[PDB]
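Under the entry's author numbering, the first residue of the sequence shown carries the number 2, and numbering increases by one thereafter.
Here is the structure we will look at, set down as structure tokens.
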Amino acid sequence: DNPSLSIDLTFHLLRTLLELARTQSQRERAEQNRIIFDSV
Numbered sequence: 002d003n004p005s006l007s008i009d010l011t012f013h014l015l016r017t018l019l020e021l022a023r024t025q026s027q028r029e030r031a032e033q034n035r036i037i038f039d040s041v
């Protein structure tokens, strides 16, 4: 079957690209909240 050698790294690295963005967003939404709150 497919060893997914190139997929593992890609699927792993691509995961980080979104995982990091999602996590960042997670705080972003809260940060932007205070950022905007203190600058409405």
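Backbone N, C-alpha and C define an ideal beta-carbon position, used for all residues, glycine too.
**Asked** Under a three-way DSSP split, which group does residue 9 fall into?
**Response** helix
**Message:** Quick check: the Cα distance between residue 20 and residue 5, rounded to an integer number of angstroms?
**Reply:** 20 Å
**Message:** Whole angstroms are fine: how far does the CA of residue 14 sit from the CA of residue 27?
**Reply:** Linking residue 27 to residue 14 through their CA atoms gives a straight-line distance of about 20 Å.
**Item:** Distance, residue 25 Cα to residue 8 Cα
**Value:** 25 Å
**Prompt:** By DSSP, does residue 26 sit in helix, in strand, or in coil?
**Reply:** Residue state, collapsed to three classes: helix.
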